[PDB]
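*Asks:* Have a look at the structure that comes next, please.
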Amino acid sequence: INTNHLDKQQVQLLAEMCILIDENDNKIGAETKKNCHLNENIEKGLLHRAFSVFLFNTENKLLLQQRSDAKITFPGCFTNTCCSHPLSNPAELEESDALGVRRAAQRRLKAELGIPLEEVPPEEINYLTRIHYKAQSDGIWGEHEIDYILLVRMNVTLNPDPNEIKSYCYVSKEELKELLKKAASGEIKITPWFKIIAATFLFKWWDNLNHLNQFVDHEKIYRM
Ligand SMILES: [Mg+2]
Ligand SMILES: [Mg+2]
Ligand SMILES: [Mn+2]
């Protein structure tokens with residue numbers, strides 16, 4: 001179907017090749033971003049690899065973004081720092097130490113937020129665990145991913161792309177709770193994966209930013 005009612009820069013990105021995985025995060029093929037995000041294809045079992053970054057500054061504030069109205073899935077939605085997909089190329093397919101996803105994150109942090117690659121090298125990105133989830137944006141578009149959860153603690157310089165991001169802000173624990181109450185009462189919108197992680201893992205990790213190890217689980221894929 002017909003992507004003419006949609007933003008041109010976003011549409012171009014639909015040609016990007018994502019990693020098709022089985023339910024255990026083993027690579028099984030490669031498919032365009034567009035096909036990976038059609039509900040019709042997700043209903044046929046299509047599942048791709050993804051990542052979510054949560055970036056805290058040195059005041060321990062979480063950087064949140066609001067997705068531009070240009071985004072094809074979940075526009076206008078408040079969400080964690082940066083999400084995307086590792087590309088089906090040899091740089092980002094690399095599975096040794098989840099290096100391919102961490103490289104993908106660094107790349108998207110630069111593309112979405114204008115964060116210089118040097119400010120967040122792949123070593124500064126802490127891969128915690130993975131979550132499997134399925135969620136619809138509308139009738140046509142949706143998500144089905146095993147999402148790599150990445151944490152960064154870094155003071156960064158921002159110049160975000162207005163095509164990707166409507167607004168952004170750093171929040172304290174209490175300010176996010178306040179924001180999550182506005183979401184629950186329909187005053188703003190949040191993405192389904194951010195709701196999932198906020199309800200389940202986020203505040204536990206947040207309380208323990210110095211000791212993130214007890215949370216590192218590279219074996220278990222959490223099913224939400
Ligand atoms: Mg994104
Ligand atoms: Mg290797
Ligand atoms: Mn996706």
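Residue 1 is the first one shown; counting continues down the chain.
Method reported for this entry: X-ray crystallography, 2.0 Å.
Any Cβ shown, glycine's included, is placed from N, Cα and C.
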*Asks:* Here are some residues: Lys173, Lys189, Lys220. Which is flagged as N6-acetyllysine in Swiss-Prot?
*Replies:* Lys173
*Asks:* Anything within 10 Å of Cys83 (active site)? Look among the recorded positions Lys33, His48, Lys71, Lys173, comparing CA atoms, and list what you find.
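*Replies:* Qualifying among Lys33, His48, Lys71, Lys173: none.
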*Asks:* Could you tell me the C-alpha distance between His37 (Mg(2+) binding site) and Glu145 (active site) in angstrom, no decimals?
*Replies:* 10
*Asks:* Within 10 Å of the Cβ of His48 (Mg(2+) binding site), how many other Cβ atoms can you find? Include all protein chains, please.
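*Replies:* The answer is 25 other Cβ atoms.
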*Asks:* With an 8 Å cut-off on Cβ-Cβ distance and a minimum sequence separation of at least 6, pull the same-chain contacts of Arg67 (substrate binding site), or say none.
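*Replies:* Within the chain, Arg67 (substrate binding site) has Cβ neighbours under 8 Å at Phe74, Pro75, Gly76, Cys77, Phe78, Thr79, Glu164, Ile165, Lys166, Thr191.
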*Asks:* List the residues of the same chain that sit at least 6 positions away from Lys33 (substrate binding site) in sequence and have their Cβ under 8 Å from its Cβ, in sequence order, or write 'none'.
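*Replies:* Spatial neighbours, sequence-distant, of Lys33 (substrate binding site): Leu13, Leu14, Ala15, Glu16, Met17, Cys18, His85.
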*Asks:* Work out the three-state DSSP category of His37 (Mg(2+) binding site).
*Replies:* coil
